Amino acid sequence: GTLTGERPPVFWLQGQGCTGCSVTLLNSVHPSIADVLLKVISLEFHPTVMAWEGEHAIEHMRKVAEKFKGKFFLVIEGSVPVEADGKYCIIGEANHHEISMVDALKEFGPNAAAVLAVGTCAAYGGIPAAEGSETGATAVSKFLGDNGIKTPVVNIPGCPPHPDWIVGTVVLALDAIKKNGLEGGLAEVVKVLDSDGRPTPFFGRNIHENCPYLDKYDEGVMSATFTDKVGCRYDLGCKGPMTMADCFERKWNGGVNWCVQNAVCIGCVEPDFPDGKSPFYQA
Amino acid sequence: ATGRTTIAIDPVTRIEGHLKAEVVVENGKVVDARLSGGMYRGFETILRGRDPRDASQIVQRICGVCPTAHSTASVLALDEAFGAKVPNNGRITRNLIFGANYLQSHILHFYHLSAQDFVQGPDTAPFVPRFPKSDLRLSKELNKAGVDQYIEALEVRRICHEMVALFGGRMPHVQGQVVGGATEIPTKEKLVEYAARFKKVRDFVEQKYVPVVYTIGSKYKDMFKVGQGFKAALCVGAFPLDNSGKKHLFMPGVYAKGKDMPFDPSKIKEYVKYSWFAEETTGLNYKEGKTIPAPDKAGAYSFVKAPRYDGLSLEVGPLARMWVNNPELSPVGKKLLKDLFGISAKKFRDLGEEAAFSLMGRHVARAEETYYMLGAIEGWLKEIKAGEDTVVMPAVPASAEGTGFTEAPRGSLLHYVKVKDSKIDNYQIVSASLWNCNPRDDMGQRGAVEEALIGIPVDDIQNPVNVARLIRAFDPXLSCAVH
Ligand code: SF4
Ligand code: SF4
Ligand code: FCO
Ligand SMILES: [Cl-]
Ligand SMILES: [Fe+2]
Ligand code: NI
Ligand SMILES: [S]
């Protein structure tokens, strides 16, 4: 990229998120986040990092949205709670009217080029939708479908995702769009999504079948304490067998570690996370 | 003289999470304030019925900026409930995991959240558009230094997360802290890797971050004269320095009405009159806490409960800890206080109560604390024993309770767990931005930030920049506050 290159507008809306999907993106190594923001995308609205505030920030997003109707990318971090008329997530106020996450996704969703549901909360409901919750936490694709909004959705799950999955999916899409235009490009992206809406370059391979401890698993050699790094982690709760992600290769935080080496995989990219992956510390 | 203008700001940006601030301005000053935490998930009910060990993963998803704090409070609560005796080397490893995120979080806060309050960024989103009169006072050279350091700090904070992940597995959301200790014994080789990254962070903190806070502060001296609020603080202790449970890097204490007092956690109660929870749950200590949402309750204006300490509304965070503990100031800080402010100071309290409890004082306290944490981390790198076991494997109890107390980067954090039939019966969280960003209690007494907004200058109602500047000095995290 260059400082003077083409950079599409992006709005980043936080529903029932924890900001960890924004933070994970800040950890991108190459390209660095500075390069992403200055050379790849134009991040026009993001509540955690943008200069302006309040109704002025909302109106700025609305002005960009009008200018780029059908052409901006909408990132959603967190689930969308539908109970209590949307009141469990208020994202702003303008014209003396509060704006719920429900309202915001009904407003901007129809006019985005594509919605990127970043993180397991946005993609699948995640922890806010888990047993014991009461907010009607809803995944982005389901909310949009329930409301008749046909905009394409790409899921980039994980709790959090690896930065490379987020940046890499953006790069995938922008490449396809450069080659084929917007609709042709998004069609090429959709072709490489699995049945859970995830890009197969990052989510097409199983952790366990590629795990360095697979021989120990097959031998029945299981660690009995977390600090035994020789044995397989299955008896300690590892969910690698049921998890589709490339962490075994890419690892985390500049390659310094990953969940299976350090402790166990908890299946954080999967649609049933957390309840279908729990208890975390037994098989 | 001018009359009243009422200003609502939603979203307050360059914080974490969902906050509306509404202030009443009369004659150029804020005279009233209300803070609304706008997003609820209900972790305290989601956790019920689970294997207690799951909590130390689930709770981190309260906040991906400070997940190591929730991890720490949770594993401490589980350790107590399970009777787990963390090995000495695991105590130290936990301190290395968590301490690295203090460095990350304070650097993120000053540069990537706060610095745009004082620095004009590059002429492209997300640095523009902004208020036409943003009161950005720095010279071209100093403004450029701010931008250059913002950019360098993006790499430095990322390196801090590599430090967290070396023994923590990944970040956000560590895998490496569990009941019974830490899941990965530090090796000689990985301790070299941690130290090499730590050196780069130390150099940035010492040469760039601490100096820039005092230097920018010296161009905004008026910001030491506002934002006092109650001048009341809480610290619950954090970073145990031995296995006794009685000695910590930050020792506990309360400060209010000009007086130091001990910290007794039984004096904490959470009020809900002005919060969206059922009225019958008001006034509960966390050991009996209840979380029953009431989003339509009349008169309420926040999903944050109102915690009070023996009736007092207190603030938390670096200022609170540094005031309570009164450490020696950094060499840089002593020099720049003299050179740029004409202040002769040796220990933190030598700033004086008024300047410490101020908008800019909170930024200074956070920079000083970052420097202070360098020495703690250096000490732990000398104390850790490569190869020595860091975890025990305790059986899950059928019936138990435990409380974990620590200090998240933004202030005091406790988690309480009650186990029955080997499952979570209750789990209650009392977090840092809960103490700071809460609404009125049942007696109408404001929360700490609400009160600190009183007196904030708004000389231009069309560019009311100091409202959110004050809020940002507290480094809010509304996802922590509400959970
Ligand atoms: S169970 Fe986990 S540690 Fe064992 S081989 Fe499979 S992915 Fe690896
Ligand atoms: S190893 Fe498992 S828990 Fe860790 S990031 Fe990958 S999918 Fe998530
Ligand atoms: N730091 C942090 Fe998070 C907050 N507020 C907690 O506790
Ligand atoms: Cl933290
Ligand atoms: Fe709570
Ligand atoms: Ni937090
Ligand atoms: S946070």
# chains A, B, ... in the order shown; residues from 1 in each chain; ligands from 1

call {"tool": "residues_near_ligand", "arguments": {"ligand": "ligand 1", "cutoff": "7 Å", "atoms": "only C-alpha atoms and all ligand atoms", "output": "ChimeraX atom specification"}}
result
/A:207-209,211-217,232-234,238-241,260,264-265

call {"tool": "residues_near_ligand", "arguments": {"ligand": "ligand 5", "cutoff": "10 Å", "atoms": "only C-alpha atoms and all ligand atoms", "output": "count of residues only"}}
result
26

call {"tool": "select_by_dssp", "arguments": {"residues": "range 42-209 of chain B", "states": "helix (DSSP H, G or I)", "output": "number ranges by chain"}}
result
B: 43-46, 52-62, 67-82, 88-117, 140-168, 188-209

call {"tool": "closest_atom_pairs", "arguments": {"of": "chain B", "to": "ligand 4", "cutoff": "9 Å", "atoms": "only C-alpha atoms and all ligand atoms", "output": "CSV"}}
result
residue,atom,partner,partner_atom_place_in_ligand_line,distance
B:63,CA,ligand 4,1 (Cl),8.8
B:64,CA,ligand 4,1 (Cl),8.6
B:65,CA,ligand 4,1 (Cl),6.7
B:66,CA,ligand 4,1 (Cl),3.4
B:67,CA,ligand 4,1 (Cl),5.2
B:68,CA,ligand 4,1 (Cl),4.1
B:69,CA,ligand 4,1 (Cl),3.9
B:70,CA,ligand 4,1 (Cl),7.1
B:71,CA,ligand 4,1 (Cl),8.2
B:72,CA,ligand 4,1 (Cl),8.4
B:98,CA,ligand 4,1 (Cl),6.2
B:99,CA,ligand 4,1 (Cl),8.0
B:100,CA,ligand 4,1 (Cl),8.5
B:101,CA,ligand 4,1 (Cl),5.3
B:102,CA,ligand 4,1 (Cl),6.1
B:104,CA,ligand 4,1 (Cl),8.6
B:105,CA,ligand 4,1 (Cl),7.1
B:407,CA,ligand 4,1 (Cl),8.5
B:408,CA,ligand 4,1 (Cl),5.3
B:409,CA,ligand 4,1 (Cl),5.7
B:410,CA,ligand 4,1 (Cl),8.4

call {"tool": "interface_residues", "arguments": {"of": "chain A", "to": "chain B", "cutoff": "6 Å", "atoms": "only C-alpha atoms", "output": "VMD selection string"}}
result
chain A and resid 18 to 20 27 42 to 44 47 to 54 88 to 90 92 to 93 128 131 to 133 226 to 227 252 to 253 256 to 259 262 to 263 280

call {"tool": "write_last_selection", "arguments": {"atoms": "N, CA and C atoms", "output": "mmCIF file, in the first residue's frame"}}
result
data_model
loop_
_atom_site.group_PDB
_atom_site.id
_atom_site.type_symbol
_atom_site.label_atom_id
_atom_site.label_comp_id
_atom_site.auth_asym_id
_atom_site.auth_seq_id
_atom_site.Cartn_x
_atom_site.Cartn_y
_atom_site.Cartn_z
ATOM 1 N N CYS A 18 -15.989 -7.338 23.808
ATOM 2 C CA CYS A 18 -15.099 -7.053 24.921
ATOM 3 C C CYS A 18 -13.916 -6.198 24.498
ATOM 4 N N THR A 19 -13.892 -5.756 23.242
ATOM 5 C CA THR A 19 -12.825 -4.980 22.634
ATOM 6 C C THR A 19 -11.602 -5.846 22.347
ATOM 7 N N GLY A 20 -11.664 -7.139 22.660
ATOM 8 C CA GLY A 20 -10.538 -8.004 22.371
ATOM 9 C C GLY A 20 -10.323 -8.271 20.900
ATOM 10 N N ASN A 27 -2.385 -6.138 17.264
ATOM 11 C CA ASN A 27 -1.191 -6.968 17.354
ATOM 12 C C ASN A 27 -0.704 -7.506 16.009
ATOM 13 N N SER A 42 -9.563 2.800 5.222
ATOM 14 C CA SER A 42 -9.839 4.080 5.866
ATOM 15 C C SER A 42 -10.854 3.817 6.974
ATOM 16 N N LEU A 43 -10.367 3.747 8.211
ATOM 17 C CA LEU A 43 -11.190 3.415 9.375
ATOM 18 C C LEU A 43 -11.885 4.699 9.815
ATOM 19 N N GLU A 44 -13.103 4.882 9.321
ATOM 20 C CA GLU A 44 -13.801 6.147 9.454
ATOM 21 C C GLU A 44 -14.539 6.287 10.771
ATOM 22 N N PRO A 47 -15.147 3.365 17.802
ATOM 23 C CA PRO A 47 -15.253 4.139 19.049
ATOM 24 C C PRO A 47 -14.019 4.103 19.921
ATOM 25 N N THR A 48 -13.201 3.061 19.826
ATOM 26 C CA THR A 48 -12.056 2.940 20.716
ATOM 27 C C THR A 48 -10.916 3.871 20.325
ATOM 28 N N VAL A 49 -10.784 4.214 19.037
ATOM 29 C CA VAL A 49 -9.563 4.868 18.566
ATOM 30 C C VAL A 49 -9.786 6.185 17.827
ATOM 31 N N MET A 50 -11.019 6.518 17.449
ATOM 32 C CA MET A 50 -11.210 7.679 16.587
ATOM 33 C C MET A 50 -11.105 8.994 17.362
ATOM 34 N N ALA A 51 -10.790 10.055 16.617
ATOM 35 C CA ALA A 51 -10.553 11.360 17.227
ATOM 36 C C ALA A 51 -11.832 11.981 17.751
ATOM 37 N N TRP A 52 -12.892 11.988 16.940
ATOM 38 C CA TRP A 52 -14.110 12.672 17.327
ATOM 39 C C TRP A 52 -14.953 11.784 18.232
ATOM 40 N N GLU A 53 -16.133 12.284 18.609
ATOM 41 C CA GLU A 53 -16.895 11.658 19.679
ATOM 42 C C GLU A 53 -18.378 11.962 19.529
ATOM 43 N N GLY A 54 -19.185 11.162 20.217
ATOM 44 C CA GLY A 54 -20.592 11.461 20.396
ATOM 45 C C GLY A 54 -21.365 11.582 19.098
ATOM 46 N N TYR A 88 -30.165 -3.569 25.716
ATOM 47 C CA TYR A 88 -28.948 -4.078 26.323
ATOM 48 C C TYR A 88 -27.687 -3.682 25.565
ATOM 49 N N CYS A 89 -27.797 -2.955 24.451
ATOM 50 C CA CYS A 89 -26.605 -2.367 23.840
ATOM 51 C C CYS A 89 -26.976 -1.074 23.127
ATOM 52 N N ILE A 90 -26.624 0.056 23.736
ATOM 53 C CA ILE A 90 -26.799 1.381 23.151
ATOM 54 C C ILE A 90 -25.426 1.854 22.704
ATOM 55 N N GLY A 92 -24.869 4.824 20.782
ATOM 56 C CA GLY A 92 -24.713 6.240 20.521
ATOM 57 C C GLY A 92 -26.024 6.957 20.682
ATOM 58 N N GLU A 93 -25.947 8.274 20.526
ATOM 59 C CA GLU A 93 -27.118 9.126 20.613
ATOM 60 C C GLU A 93 -26.940 10.263 19.625
ATOM 61 N N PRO A 128 -21.776 -14.115 25.118
ATOM 62 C CA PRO A 128 -23.020 -13.408 25.468
ATOM 63 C C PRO A 128 -24.288 -14.191 25.193
ATOM 64 N N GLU A 131 -25.369 -20.281 27.832
ATOM 65 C CA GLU A 131 -26.338 -20.618 28.861
ATOM 66 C C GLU A 131 -26.202 -19.674 30.049
ATOM 67 N N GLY A 132 -27.344 -19.209 30.556
ATOM 68 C CA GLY A 132 -27.391 -18.284 31.667
ATOM 69 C C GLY A 132 -27.524 -16.838 31.254
ATOM 70 N N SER A 133 -27.412 -16.551 29.962
ATOM 71 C CA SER A 133 -27.611 -15.212 29.440
ATOM 72 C C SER A 133 -29.096 -14.929 29.261
ATOM 73 N N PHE A 226 -0.594 -29.635 33.806
ATOM 74 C CA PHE A 226 -0.408 -28.715 32.697
ATOM 75 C C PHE A 226 1.055 -28.528 32.350
ATOM 76 N N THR A 227 1.946 -28.581 33.335
ATOM 77 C CA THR A 227 3.338 -28.244 33.077
ATOM 78 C C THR A 227 4.134 -29.381 32.447
ATOM 79 N N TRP A 252 0.761 -17.647 17.959
ATOM 80 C CA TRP A 252 0.171 -16.423 18.479
ATOM 81 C C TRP A 252 1.247 -15.423 18.869
ATOM 82 N N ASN A 253 0.889 -14.144 18.768
ATOM 83 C CA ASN A 253 1.682 -13.046 19.308
ATOM 84 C C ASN A 253 3.126 -13.129 18.828
ATOM 85 N N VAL A 256 5.294 -16.612 19.451
ATOM 86 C CA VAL A 256 5.994 -16.955 20.689
ATOM 87 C C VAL A 256 5.346 -18.104 21.456
ATOM 88 N N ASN A 257 4.102 -18.451 21.160
ATOM 89 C CA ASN A 257 3.405 -19.492 21.902
ATOM 90 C C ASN A 257 2.111 -19.799 21.160
ATOM 91 N N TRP A 258 1.407 -20.834 21.617
ATOM 92 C CA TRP A 258 0.015 -21.031 21.241
ATOM 93 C C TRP A 258 -0.651 -21.852 22.327
ATOM 94 N N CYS A 259 -1.972 -21.964 22.220
ATOM 95 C CA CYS A 259 -2.758 -22.448 23.348
ATOM 96 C C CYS A 259 -2.409 -23.872 23.711
ATOM 97 N N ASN A 262 0.966 -24.135 25.516
ATOM 98 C CA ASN A 262 0.951 -23.476 26.815
ATOM 99 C C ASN A 262 0.006 -24.147 27.810
ATOM 100 N N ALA A 263 -1.138 -24.625 27.332
ATOM 101 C CA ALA A 263 -2.192 -25.153 28.183
ATOM 102 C C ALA A 263 -3.055 -26.099 27.346
ATOM 103 N N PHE A 280 -13.954 -26.776 30.127
ATOM 104 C CA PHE A 280 -12.711 -26.575 29.392
ATOM 105 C C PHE A 280 -11.600 -27.508 29.850
#

call {"tool": "closest_residue", "arguments": {"among": "A:110, A:272, A:136, A:180", "to": "residue 85 in chain A", "atoms": "only C-alpha atoms"}}
result
A:136

call {"tool": "select_by_dssp", "arguments": {"residues": "range 70-216 of chain A", "states": "strand (DSSP E or B)", "output": "number ranges by chain"}}
result
A: 72-77, 79-81, 89-94, 97-100, 112-118, 137-138, 153-156, 193, 199, 206

call {"tool": "write_last_selection", "arguments": {"atoms": "C-alpha atoms", "output": "compact mmCIF listing (two decimals), in the first residue's frame"}}
result
# COMPACT_ATOMS: atom_id res chain seq x y z
CA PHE A 72 -18.34 0.63 2.74
CA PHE A 73 -17.30 -2.34 4.83
CA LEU A 74 -19.03 -2.85 8.15
CA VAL A 75 -17.10 -4.67 10.88
CA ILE A 76 -19.16 -5.96 13.80
CA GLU A 77 -17.41 -6.89 17.05
CA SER A 79 -23.22 -10.02 19.42
CA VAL A 80 -26.46 -8.08 18.82
CA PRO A 81 -28.90 -8.30 21.78
CA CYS A 89 -26.60 -2.37 23.84
CA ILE A 90 -26.80 1.38 23.15
CA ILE A 91 -24.01 2.53 20.84
CA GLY A 92 -24.71 6.24 20.52
CA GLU A 93 -27.12 9.13 20.61
CA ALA A 94 -27.98 11.63 17.90
CA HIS A 97 -32.50 9.67 20.15
CA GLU A 98 -30.56 6.71 21.46
CA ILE A 99 -29.23 4.23 18.89
CA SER A 100 -29.21 0.57 19.87
CA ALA A 112 -22.68 -2.06 3.38
CA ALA A 113 -20.76 -3.79 0.63
CA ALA A 114 -20.20 -6.63 3.09
CA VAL A 115 -20.42 -7.23 6.82
CA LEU A 116 -17.37 -8.77 8.50
CA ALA A 117 -18.50 -10.51 11.68
CA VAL A 118 -15.23 -10.43 13.60
CA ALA A 137 -27.58 -12.06 22.11
CA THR A 138 -27.74 -12.87 18.39
CA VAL A 153 -21.57 -11.69 5.72
CA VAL A 154 -18.11 -13.17 6.24
CA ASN A 155 -17.37 -14.73 9.61
CA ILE A 156 -13.88 -14.34 11.07
CA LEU A 193 -16.13 -19.92 2.96
CA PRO A 199 -12.47 -18.52 5.07
CA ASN A 206 -8.12 -29.22 11.90
